[PDB]
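One protein chain, two forms: both are listed below as structure tokens, the first as structure 1 and the second as structure 2.
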Structure 1
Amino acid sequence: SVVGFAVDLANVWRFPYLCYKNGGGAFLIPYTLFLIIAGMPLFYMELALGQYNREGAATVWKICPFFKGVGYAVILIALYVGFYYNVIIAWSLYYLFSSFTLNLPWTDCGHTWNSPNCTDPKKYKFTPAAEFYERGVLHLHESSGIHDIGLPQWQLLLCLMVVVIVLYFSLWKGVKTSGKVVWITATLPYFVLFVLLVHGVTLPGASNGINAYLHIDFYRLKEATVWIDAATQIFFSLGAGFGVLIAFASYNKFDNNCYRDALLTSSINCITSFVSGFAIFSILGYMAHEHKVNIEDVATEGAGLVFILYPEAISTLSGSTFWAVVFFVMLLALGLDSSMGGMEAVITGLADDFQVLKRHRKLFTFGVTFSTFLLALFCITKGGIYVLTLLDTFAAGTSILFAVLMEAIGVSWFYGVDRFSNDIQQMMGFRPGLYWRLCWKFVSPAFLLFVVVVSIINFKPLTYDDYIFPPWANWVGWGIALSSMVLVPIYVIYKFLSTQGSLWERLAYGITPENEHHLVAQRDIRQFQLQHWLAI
């Protein structure tokens, strides 16, 4: 129905600035290839696991112990990502509250936040829109670096509090009963994107942007950054690896098809990404023509690209207040939907392990939301964009790829792809097929391992638009990244130590399904013969 139209904030906010940073059309090849190779198979696998096991993300490993750390890693990654996603909803709320006027604040250089170097056009950042973004919302000119953070800005704290309160009151009494937060997330993004796409092709100088978008230069390939970014964006926008798909599938009809769900979700994700890229590059070409500069020196390459691009296109339409209000309401709805999904995933995954948290939902929800608010207090300071840049690089970078790789390895090699394909035939009626099984078993681990190894080997020091972080910010970032990657060996060691027996009865009590326990004494254990390990 309308619950398959999964359009996320990572498709409207994050894809545009990753596509512009990596050249343009030289970014869609590693994206589409990675989609085909590993996004659909893993989305299918996650949907099938969640549907069949009828449980959350951390207690879903009742089919194979020694692997519960994969759930605790994706529970922590979800937390880290919500400490910075709620600051992009606060920005949207600030812009929406500033949009209620007949003279938009991002059109003139005669305000109190304008530097005397403001040039009206009639990396830069001396334009009215960039000046507004960097000096009236962020107040970044009062910070010198990550070492000089400053105090939180009250005008953004008052917007963060509203977001936190809304999230808590939407999550405090069970899950939302559906069809309340998505009947507008489904329709509005497509209408707004269509209007922007049809309007932006008639602007002067948009042809250059379109040509730059539909042009592939191969020198940008053969470099690690494009492939790493494409893989991370796939496993950020498809929803896999965050533990949300399993929790969502845990509440569903048993015989609901997931083949069609996976195909439709992937196709719509690709279409929306392509349309967003087209619109963004058309606006970029327009601005490049207006300022008489190249298309590569006209806009920032950071996380605030849309908040400088989209207002510029809005200010050219007829009735630029109605459209601004519509666009920012759409952004707010998308952000609220994504935050609700992530927080629900966390709460369910933590309340399935322990039974004392299932009768204290108010207190637990309050705890999670208040922790998120307190930890997000760091990103609304006068130098919070640096912290947001650190967290948007190291919270789900190599760690998410490692988690997905470990989950795929675990399932396909230790539980058995034969059993995985035999319990899907038991609940749908058809056996997956050769392509899906081969894809999972051999093609997903290989490419995921290649990406992880290349990312570790070819690391690049962190920078923000000519600003170079001190050499300890990278250490802090790697410490954040390894905080979830280390939970997998630790749980294996603890589980191995906590049981009793020899090497046998310990290596085998944590590799067989929990239900299949009274066959260890009989020694009827499949994983030890070679014919388990030659699955097709």
Structure 2
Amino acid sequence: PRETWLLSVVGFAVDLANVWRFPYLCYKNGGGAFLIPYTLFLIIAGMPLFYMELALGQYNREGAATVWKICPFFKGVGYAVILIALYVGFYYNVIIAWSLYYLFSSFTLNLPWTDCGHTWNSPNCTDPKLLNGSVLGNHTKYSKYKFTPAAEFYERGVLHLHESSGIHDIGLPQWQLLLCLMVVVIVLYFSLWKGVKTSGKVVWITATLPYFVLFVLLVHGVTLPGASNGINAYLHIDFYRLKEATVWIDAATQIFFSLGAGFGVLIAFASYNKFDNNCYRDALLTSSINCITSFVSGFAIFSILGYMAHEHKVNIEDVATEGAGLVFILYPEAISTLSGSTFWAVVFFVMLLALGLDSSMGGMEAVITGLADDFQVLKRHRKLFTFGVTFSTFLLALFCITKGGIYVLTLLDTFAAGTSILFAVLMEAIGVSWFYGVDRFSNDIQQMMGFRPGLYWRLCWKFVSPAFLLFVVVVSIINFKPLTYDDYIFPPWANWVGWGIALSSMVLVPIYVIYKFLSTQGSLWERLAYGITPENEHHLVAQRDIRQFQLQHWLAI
């Protein structure tokens, strides 16, 4: 009785990651120096894996962990992606709480991020080109220009980060953000407690509104005084950055964040698709729009960065932060220039709130669907189970609504789904292409969509995707950089705590294999066969008909 389900694909393409995460990853890794790795990972890994995750859930009709009946030893990969989805939900909800606070603050004729006369603002808060306040001048620049009305509003007005000295002194949860976080978790609860398709209104709003706003920002941005300089930066490619490995790791993780692969969302979502649904069309369409949305997102962001650098008399590289709060500074700065700013402020933060809600809904659905498919008891107690998932997320999100929650969020955004998600998607590709068989997988898609995937897809699923995923995983560990939020440098123990979060999900795969073998009764050969054979044909193990014990299985594409 599984609840099987134009604007659908376009809404799926837009995500809090494409509108909030991509901009700062692009800004940090240079404008076009990030596009080259991003497009490569999308075509050789992102799009291929998106098609695999869609087909895996649409053929087995299962969530992230229960699709591993095809190869039992790999259920730890399903538990790992569900843990990653939970970790990301903690700080995703905090981004929605910021949008809710910004929305509530937008209902004023005078927006709070336009001038420096407020209580939160520090003496060091220069009004761009004396826009509102005309005092002194710009005679000094800063590594990160946090002395702008919009920056000061985000840092002091909303986060109260000025009250935290680091991840060692996070402080107490901010009450205004605690109220916003509670509204977010209440909306999330009543959007998931009665099922998966229970919530459709947010999906509809997050299908056209995001594109419309991006278009308005893009058209207005290109006409801003110094937008051209930003456009030039976006177009220029820094080849030296390509030699460095950071851009490649950032691009790969962003691909899985922007597409949703490696969180269990795609498999859980496709578990309710019709068996005949064309995953290939959906993969191509979503990936193509994601590439366009990401490109136009960076163009708009760099146009605003160009104007901001012109208005603040700073260099584009030093005009804004490269953290998770860049869109809460750049977009507010752009809305102010738009006539009828109050209207645009409300419309923009309504879009951010809506986009974040679906993003959090999909992640929590992956956790709920994944665990409910594993334990049918949780399927009959959804309202109670949803409460547990939402409440746990709210409590652990309380760490990021603290005066130093940006430091905790930077840590989570870097380790909750970095090497861990690349390792999980690598294990899934290896599990389906080598242990299960790309040939069997292709026959599965031939049964579902009526055609066997082309050699390009088969080669990517078995060799190209895994090889590139293995390279970025190894490079992530070999060339790991100490975590830093802007000027602040994290204490060494925070990096170890971050690696502990990363390993937490990664260790589930080895631990499950140990558990599966120990829990199995038989000879070492028999136990190994039971762990690699489809759980629908374990009788073949009794008859000694193991395809994985034949060299042709590993020689089949």
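Take the two forms, find the largest set of C-alpha atoms that superpose within 1.5 Å, and that set is the rigid core. Every residue number counts along structure 1's sequence, beginning with 1.
J.: Quick one: once the rigid core is lined up, does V7 have its C-alpha move by 2 Å or more between structure 1 and structure 2?
T.: No, the C-alpha moves less than 2 Å.
J.: Superposing on the rigid core, is the CA of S178 displaced by 2 Å or more between structure 1 and structure 2?
T.: Comparing the forms between structure 1 and structure 2, which are aligned on their rigid core, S178 does shift its C-alpha by 2 Å or more.
J.: Superposing on the core, what C-alpha displacement does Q531 show between structure 1 and structure 2, in angstrom?
T.: After core superposition, the C-alpha of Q531 moves 1.5 Å between structure 1 and structure 2.
J.: Could you tell me how many Å the Cα atom of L263 shifts between structure 1 and structure 2 when the rigid core is held superposed?
T.: Here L263 registers a C-alpha shift of 0.5 Å.
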